[PDB]
Amino acid sequence: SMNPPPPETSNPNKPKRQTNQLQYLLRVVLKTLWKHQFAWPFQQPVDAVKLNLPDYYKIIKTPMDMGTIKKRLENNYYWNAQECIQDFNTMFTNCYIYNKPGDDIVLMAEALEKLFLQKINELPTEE
Ligand SMILES: CC(=O)Nc1ccc(C(=O)NCCc2c[nH]cn2)cc1OCc1ccccc1
């Protein structure tokens, strides 16, 4: 069985910024979801070998996880908040696409997404 390489977390030629909105996405949004009791399945790329999901990367073509998002925020990979918000939404959408309604992993994603939406609602205005 085979995993793909992880999503990109380093690209020197990609333009980057350090902004109050991206600081908020690390200090509030990522840290709030990361410490949650249901974070663990989302803290690293899906290991389709370990988890015996041989069709995962046949169905999910834009994989994303909070481990990757944490690295992107900590290594100042993003230009804007919308890029980072898209990564979170990709992660949740992948979970709902691959899994069945009422699956434990879907209930876990839904709990994290509720907190995500609460925090994004209070995204501060750009300085
Ligand atoms: C991020 C994500 O979607 N992860 C997972 C997806 C599918 C399964 C999984 O095992 N699904 C059941 C087997 C299945 C269904 N369709 C194909 N294989 C387990 C997963 O993460 C580990 C886990 C296991 C149990 C509770 C919480 C997290």
Side-chain angles (χ1 to χ4, degrees):
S1 293
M2 294 199 72
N3 294 126
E8 192 176 81
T9 55
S10 177
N11 189 335
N13 282 338
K14 185 184 182 292
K16 324 290 210 302
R17 292 185 306 176
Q18 299 185 39
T19 75
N20 66 298
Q21 286 191 339
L22 279 162
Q23 283 161 354
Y24 178 88
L25 274 156
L26 179 48
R27 287 161 174 162
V28 177
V29 180
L30 186 282
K31 281 178 197 292
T32 292
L33 269 63
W34 191 270
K35 72 192 187 185
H36 195 279
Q37 63 181 1
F38 294 161
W40 59 267
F42 305 99
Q43 283 181 333
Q44 60 289 307
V46 168
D47 186 345
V49 180
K50 168 160 62 235
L51 292 174
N52 189 26
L53 307 175
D55 62 341
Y56 186 81
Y57 288 112
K58 308 310 189 171
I59 296 160
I60 301 304
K61 296 314 204 183
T62 312
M64 189 50 57
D65 65 280
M66 297 204 294
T68 297
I69 294 164
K70 184 169 189 283
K71 288 183 184 194
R72 285 182 171 190
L73 286 167
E74 286 179 348
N75 292 113
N76 304 120
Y77 176 82
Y78 296 116
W79 183 256
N80 65 32
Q82 195 69 4
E83 272 183 289
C84 180
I85 290 164
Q86 180 59 68
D87 284 345
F88 278 104
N89 280 138
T90 294
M91 178 182 77
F92 295 128
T93 300
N94 291 345
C95 188
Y96 304 146
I97 291 169
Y98 183 73
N99 299 290
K100 265 283 215 77
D103 282 356
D104 283 339
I105 189 75
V106 170
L107 295 179
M108 292 166 92
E110 283 175 352
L112 298 172
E113 190 183 18
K114 183 180 171 176
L115 281 166
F116 172 76
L117 289 166
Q118 183 216 103
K119 301 309 177 191
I120 293 305
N121 186 55
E122 309 227 46
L123 185 72
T125 305
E126 283 178 301
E127 291 170 341

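In what follows, residues are counted from 1 in the order of the sequence shown. Basis for what follows: all heavy atoms, side chains included, without hydrogens, waters or symmetry-related copies. Atoms within a ligand are numbered from 1 in the order they appear, just like the ligands themselves.
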Between [Y] and [X], do the side chains contain a donor N or O and an acceptor N or O under 3.5 Å apart?
X      : Y     : value
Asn3   : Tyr56 : no
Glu113 : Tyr96 : yes
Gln86  : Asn89 : no

If you look only at pairs with a residue in residues 1-39, which of them pass as a ring pair (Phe, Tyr, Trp, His ring centres under 6.0 Å), with sequence neighbours excluded?
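Those involving residues 1-39 are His36-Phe38.
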Say whether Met108 and ligand 1 are in contact under the criterion: heavy-atom distance to a ligand atom below 4.0 Å.
yes
Exactly one of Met91, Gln44, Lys71 should register a side-chain contact (heavy atoms from CB on, under 4.5 Å) with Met66. Which one does?
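Single pass found, and it is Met91.
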Identity of the nearest option to [atom], non-hydrogen atoms only, from [options]:
atom                    : options               : result
atom 11 (N) of ligand 1 : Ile105, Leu53, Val106 : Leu53
atom 7 (C) of ligand 1  : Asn94, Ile60, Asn99   : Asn99
atom 27 (C) of ligand 1 : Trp40, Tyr96, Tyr98   : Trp40

Nearest protein heavy atom to atom 22 (C) of ligand 1, by residue and atom, and its distance?
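Atom 22 (C) of ligand 1 sits closest to the protein heavy atom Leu51 CD2, 3.8 Å.
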Going by the atom numbers of ligand 1, which of them fall below 4.0 Å from some non-hydrogen atom of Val46?
1 (C), 2 (C)
Within the 4.0 Å heavy-atom shell around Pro41, which atoms of ligand 1 are there?
1 (C), 28 (C)
Should the pair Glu74-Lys70 be classified as a salt bridge under the 4.0 Å nitrogen-to-oxygen rule?
yes
Are any non-hydrogen protein atoms located under 4.0 Å from atom 2 (C) of ligand 1?
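Yes, there is a protein heavy atom closer to it than 4.0 Å.
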